[PDB]
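Each reported figure results from applying straightforward, stated rules to the coordinates on display, with no laboratory input. Neighbour counts are summed over all protein chains in view; Cβ atoms, including those assigned to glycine, are modelled from backbone coordinates with ideal geometry.
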Amino acid sequence: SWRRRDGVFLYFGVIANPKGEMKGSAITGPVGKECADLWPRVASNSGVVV
Amino acid sequence: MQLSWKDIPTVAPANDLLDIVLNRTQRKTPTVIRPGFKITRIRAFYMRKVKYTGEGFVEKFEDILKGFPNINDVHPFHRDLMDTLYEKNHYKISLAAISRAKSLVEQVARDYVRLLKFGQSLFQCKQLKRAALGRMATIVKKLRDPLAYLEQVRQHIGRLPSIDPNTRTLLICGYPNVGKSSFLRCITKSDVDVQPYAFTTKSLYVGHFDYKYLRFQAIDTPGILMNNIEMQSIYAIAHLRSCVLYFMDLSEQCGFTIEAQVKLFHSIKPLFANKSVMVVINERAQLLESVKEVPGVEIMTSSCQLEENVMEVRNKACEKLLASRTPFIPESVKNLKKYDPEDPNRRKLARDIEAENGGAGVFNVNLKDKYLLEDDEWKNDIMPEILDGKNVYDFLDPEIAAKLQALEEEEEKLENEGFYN
Amino acid sequence: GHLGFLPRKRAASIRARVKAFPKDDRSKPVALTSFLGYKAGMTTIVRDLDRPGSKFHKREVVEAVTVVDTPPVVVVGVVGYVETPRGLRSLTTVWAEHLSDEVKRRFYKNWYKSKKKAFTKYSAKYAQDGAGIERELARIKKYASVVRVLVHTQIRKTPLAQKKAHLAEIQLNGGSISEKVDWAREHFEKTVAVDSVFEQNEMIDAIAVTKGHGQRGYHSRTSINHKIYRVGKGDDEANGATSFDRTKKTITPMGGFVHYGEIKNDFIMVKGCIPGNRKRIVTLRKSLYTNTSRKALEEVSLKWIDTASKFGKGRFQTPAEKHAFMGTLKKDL
Amino acid sequence: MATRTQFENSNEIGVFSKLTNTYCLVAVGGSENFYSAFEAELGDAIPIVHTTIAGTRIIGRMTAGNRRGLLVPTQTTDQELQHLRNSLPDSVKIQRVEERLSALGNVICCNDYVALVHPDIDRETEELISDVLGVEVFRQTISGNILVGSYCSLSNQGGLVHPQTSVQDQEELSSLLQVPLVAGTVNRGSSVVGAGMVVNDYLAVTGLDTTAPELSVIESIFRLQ
Amino acid sequence: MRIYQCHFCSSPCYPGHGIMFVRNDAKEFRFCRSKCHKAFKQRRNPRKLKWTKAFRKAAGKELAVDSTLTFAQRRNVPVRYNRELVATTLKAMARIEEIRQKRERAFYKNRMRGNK
RNA sequence: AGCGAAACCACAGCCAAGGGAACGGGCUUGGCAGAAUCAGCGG
RNA sequence: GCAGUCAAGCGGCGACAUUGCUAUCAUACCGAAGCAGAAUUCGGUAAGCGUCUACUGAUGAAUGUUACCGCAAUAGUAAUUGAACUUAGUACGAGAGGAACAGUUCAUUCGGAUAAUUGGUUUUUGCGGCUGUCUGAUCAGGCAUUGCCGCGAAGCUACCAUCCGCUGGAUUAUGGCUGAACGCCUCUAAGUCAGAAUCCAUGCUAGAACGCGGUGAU
RNA sequence: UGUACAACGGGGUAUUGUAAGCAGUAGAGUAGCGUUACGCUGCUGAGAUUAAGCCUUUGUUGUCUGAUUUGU
Ligand SMILES: [Zn+2]
């Protein structure tokens, strides 16, 4: 797991173009803050945040 | 590559390139050896030195060759344009000579490495290395003229305003100093003048402009009166997918009279008619009307200061090229005047206030008075948010005393009832 | 790795010697250059990040915080130093005639067998009408340019099973060294509050002997930017009650500290860990410089301190919370 | 009328902001340029307060709402709940939604009159939207898109939808939603239009990299002039 | 900061303690201590054991659901802030705790009936 | 606790330079540093 | 190498040029390029960091004795790379394009330590149940030089967890002032400003086990 | 010969998961002729762990001189 600034731990290969857009329109899965926030483009293409 | 070139590596003169390669091989490679060292080690030392020098020379030659575009295979329009800026045959011959020199250097290096693999004396290896280096320098030294020509071509081509032939382009043609010089400047940003000398525009200036939310650009012909400049201008007007326009003057500019201008204009008859020609003019009526023999043209008198006429002509050319429930709003928001940055009394944005006081992002965020709270007397909060192991947020409600009153008497009810028997 | 801490040889003394000190202050009055205490342990702190431009601005942040026991330091003497080509030299020293037993015991290793007849000839002479004693002070004032004040820890207040104290020489930076010596004399036998030496958000640094991994460790160490979060007082109840949560409790973990007594005196919270370990003396200093940066300029926003028991796991923060949630048991009504 | 800006030089305006007809929600940080852009055109007639949602910078994707009320994700901390009520006036309702996915910018996209919701949205909030927001609720995956809210923006002036929407569908939505829409792209041809744009009945914000034709189309559909 | 509730022990847990697991179903699961997390990983239900709060409170070994335990519950809607209303929480929670103090003992004594 | 060897020993050791086949260890020029005394890098 | 216009000396030779194939890779104060800008290479500087002798842990009497405190000659020495906010969509630029100094925000790299949580960590020889051993047997799990299922603080312990990791001068190359020499000129020969990641100062480590000083005791 | 060293008990503290016993008659059990081979209730978040390196101490109680060298 990894430490979060909120004060609690959290735990549960794909590549994209230079803009971070994935080859899909209905991406789903454990899209944590490491991707939902780091990759805003992917976050819009991904439904299940965290 | 595309039709624009600005990344060509600098062409090092033979002497400069030879010196650079010599420095590279001398510094990077080891330089300390003695006869008492292992013979195989000395053989490897000499072989590594020779191979490194040869590889450096070959890599430099390849990099120089690759940077230059292939004139023949770039484009017929650009090929013809470069055929007048530079001697195309000489360009190809120089490229072939450089390639042959690189191949010869590779062959010499390989042959010396093969021979050096079976050396019998340290001085023999040293002599072989000296001969190889001398041959490489001599071959490189003879490229002074082709290398200088390549450097000049690279310098000249590193700034040309080349554009794709398919892009919508406007071509302006006419005699030197006709008055069209100001045409390009008015239509597009450029530094040209109508100074009273013939060739005020030596190069083929290009400038972009927009109309009806569609990109456009114009090209000014240096001058047409064979002439090198005239041939270069023709070899771009003919091949470019543009509209060719002609300009004229009565007696002051361009020197030549109306009759001479008309005679020169008629000389471009074989090829100009296919590009929707238009004419702007800066017994004489008959000569001007002679342009009507073209399948289609428009002629209008104007002047260098007639900016509105220039704009109308540009719009006509662009048109010819192209031819070929009710909402709900908080009226209060829109009632306020729109932001006016130039107004000192405007509603200064947080950016300006922070820059004046907080500077850059180094400022800290604050929410004082931001909340739409009724009373400003208590615009400061230290929320408990935790009490006795319980969240205060689960108890903060308006006047919970009413609910607590109904539970107050339960203590007395339990006490007198006697649940403890 | 690093050859600056090699050879791996144990330090000479447990107490960490302070080498450097600030230079001087031309206008401000006499102030203490450093403070000393004991490492009570470590806990956790949670606050809100007010640091400007932070990716986690106004978001909760959790980091380990060390608790240092800092009983009120007491002054028992002053040492005068004179500049020499060989460096600073302590030409003269003086006492206060009322050395506490904690200090007198430090001058012995068999206090039980010792006759305890120390500080008698000088104390009796010091008991005279000043005249003889004032000569040393006048000599120090005439020549000395840097003055150090001898201090020791009030071990009696701490829960440590130790009666002997330690003598530490603390320098001063106030100008007009006559004022320095006058202030030192006026404070003989008196104590200095913790708040009067350091304040909240100060970017102080501390030096102490690290734990011995056994010869690894046990050496002197230093680290700057040991920011103090919040200074607490044993007499001021609700020290553990942060500004935000303000829960009535104390920083002492339930059931006391691991192999250490309960904290019931003045203490300071310092961001991050600190060298040494529990039951070890530590020293605090202002880093000899000022760390000009927005990290220092920010303010503390403490919200909660981890005060759960360290024996086994922990479900409660204070005894008042345990009984309510757990209710009664066999050993209760 | 339309404004082009970026947050951290990112074109995903719809992820770092959520602009409505009665309130403005944007990301937080030292960079006040993003907030200043909204403040300029909006001024002070409506509350403009930058705040965090669940501690993330994706407040734009995390939150959604209309003039009548504001909706916030399930992960919204109770601390942020107090700020939500303090900033917004009591005349605007605030309700938390217990979604399956903690992102209202994907499950719910709505305007002052119509709302689109995920096919698996909780029936409780689905019915409550008719009162908190006062808008009609329709479970409709536009062109089969599962992320309905991230590929479209809606307002009383219309809106811009992903290019997969047919012209006939756009014309029919003029009556199905009471406001005609237009199919286009943002962020230089990006199919995810809602991610890079936030727009209301009287103000539109798009990424800086958005091409001029896209901005002109967005302005035309919203009929700002 | 917000105090959450562990699904295993059904008790409040402070941050920075134990272990926290988030399943792919997009919701958080918390455990006060590592033993609870290990038991949950093994799917061992504690609600049938004599020690867990859920069993003790419901069966009778501990105080059951009562009007007192009807305030420390999360709410879906926010509340308008007011400095004066903050003081009400301090008094209200203290009074609720005092009231509950007189009910846990009664429940324990009722459970103890027949020990004579 | 007590008993109790052997190998080896002209004598043996703080280093840098010169010292010719270079052996420097006892020749020269300079610099080092503690009676006594555990324990070894993977020399 | 072959022949030669080749020629300072010079007993018929002869360095000089030309005619035929066959001690840095980045870390840059500085200048050049046809360097509009980023980027770029070149001459520039630095090896700084990037890419039987010896002790690695140690002991013993010293300078009246004992106990405390202090100075430092000496030897070592350390932080660091990238990405974003910003001047930034700017100076510029035919249009597309896309800099930086000053202040902030994050992570890898190297180092010093802490256990706030977690664990590879368990001989609390700790616990509920359990097997061989089989307990006179319901008591009892009586035994696995060290038991299994479910747990476990502590010792241990790592982003597998946490905090931190410097502020002033003298100079190399270089850009100037004054000013000659050589009545001119010039940066240098007299001096001087700016300026190196270099050197020394700042700080840290140990402290001459015969470097020293101050104090309570006879 | 003193808020001095100390030993248990107790509390704080969490841990394990509910001990040995009365005895299931709380409960259907059923081979007989309701019975009897046998078919989680009160102590009981119980017992125990609970520092030979976790804290205390409402504290009574057990204790307190066995050898040594040096000195301007
Ligand atoms: Zn629990």
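Things to note:
- Verdict on D:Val114 being of a type in the set (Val, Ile, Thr), crowded, with 23+ Cβ neighbours inside 10 Å and either within 20 Å of B:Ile329 (Cβ to Cβ) or within 14 Å of chain A (Cβ to nearest Cβ) (or both): no
- The range E:1-53, residues that are facing another protein chain (nearest Cβ under 8 Å), within 15 Å of RNA strand H (Cβ to nearest atom), part of a loop (DSSP other than H, G, I, E, B) and aliphatic (A, V, I, L, M): none
- Residue within the range D:128-146 that is under 16 Å from the mean Cα position of the chain (by Cα), in a loop (DSSP other than H, G, I, E, B) and not aromatic (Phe, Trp, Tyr) present: yes
- Listed conditions (1) surrounded by fewer than 22 Cβ atoms within 10 Å (Cβ to Cβ); (2) under 16 Å from C:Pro159 (Cβ atoms); (3) not small (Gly, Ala, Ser) are all met by C:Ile263, apart from (1).
- On the stretch given as the range D:38-56, residues that are surrounded by fewer than 24 Cβ atoms within 10 Å (Cβ to Cβ) and in contact with a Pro (Cβ under 9 Å, 6 or more places away or on another chain) total 5.
- Look at (1) more than 16 Å from RNA strand H (Cβ to nearest atom); (2) buried (at least 18 other Cβ atoms within 10 Å of the Cβ) and you find that E:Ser67 fails only one, number (2).
- Residue match in the range E:88-101 (condition: among the polar types (S, T, N, Q) and either closer than 28 Å to D:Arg85 by Cα or within 16 Å of the ligand (Cβ to nearest atom) (or both)): yes
- Residue, surrounded by the most Cβ atoms within 10 Å (Cβ to Cβ), within the range E:76-99, restricted to residues that are facing another protein chain (nearest Cβ under 7 Å) and charged (D, E, K, R): E:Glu97
- Screening C:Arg26, C:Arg86, C:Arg17 for residues that are within 16 Å of the chain's Cα centre (by Cα) and more than 20 Å from C:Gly232 (Cα to Cα) leaves exactly one candidate, C:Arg17.
- For C:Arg315: the one exception among (1) surrounded by fewer than 17 Cβ atoms within 10 Å (Cβ to Cβ); (2) basic (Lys, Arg); (3) within 16 Å of the ligand (Cβ to nearest atom): (1)
- Any hit, the range C:31-43, residues being within 30 Å of D:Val28 (Cα to Cα), in contact with a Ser or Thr (Cβ under 8 Å, 6 or more places away or on another chain) and of a type outside the set (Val, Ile, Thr): no
- Hits in the range D:154-178 - residues which are within 14 Å of chain B (Cβ to nearest Cβ) and either among the polar types (S, T, N, Q) or closer than 21 Å to D:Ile13 by Cβ (or both): D:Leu154, D:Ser155, D:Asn156, D:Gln157, D:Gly158, D:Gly159, D:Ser174, D:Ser175, D:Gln178
- The set of residues from the range B:339-349 being more than 36 Å from the chain's Cα centre (by Cα) and either of a type in the set (A, V, I, L, M, F, W, C) or facing chain D (nearest Cβ under 7 Å) (or both) comprises just one member, B:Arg347.
- Considering residues of the range B:353-393 that are among the acidic types (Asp, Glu) and facing chain D (nearest Cβ under 8 Å) only, the residue farthest from E:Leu85 (Cα to Cα): B:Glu354
- Screening C:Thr328 on (1) in a loop (DSSP other than H, G, I, E, B); (2) more than 12 Å from every other protein chain (Cβ to nearest Cβ); (3) away from RNA strand G (no atom under 13 Å from the Cβ) shows it passes everything except condition (2).
- Within the range B:1-50, the set of residues being buried (at least 17 other Cβ atoms within 10 Å of the Cβ) and of a type in the set (S, T, N, Q) comprises just one member, B:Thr25.
- Qualifying residue in the range E:93-107 (condition: more than 29 Å from E:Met1 (Cα to Cα) and among the small types (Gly, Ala, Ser)): yes
- Residues satisfying the stated conditions in the range C:41-66, i.e. within 10 Å of RNA strand G (Cβ to nearest atom) and of a type in the set (A, V, I, L, M, F, W, C): C:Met42, C:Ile45, C:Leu49, C:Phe56, C:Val61, C:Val62, C:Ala64, C:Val65
- From the options E:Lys91, E:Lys116, residue that is among the basic types (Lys, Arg) and away from RNA strand H (no atom under 16 Å from the Cβ): E:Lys91
- Condition met for D:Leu173 (over 20 Å from D:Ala212 (Cβ atoms), part of a loop (DSSP other than H, G, I, E, B) and hydrophobic (A, V, I, L, M, F, W, C)): no
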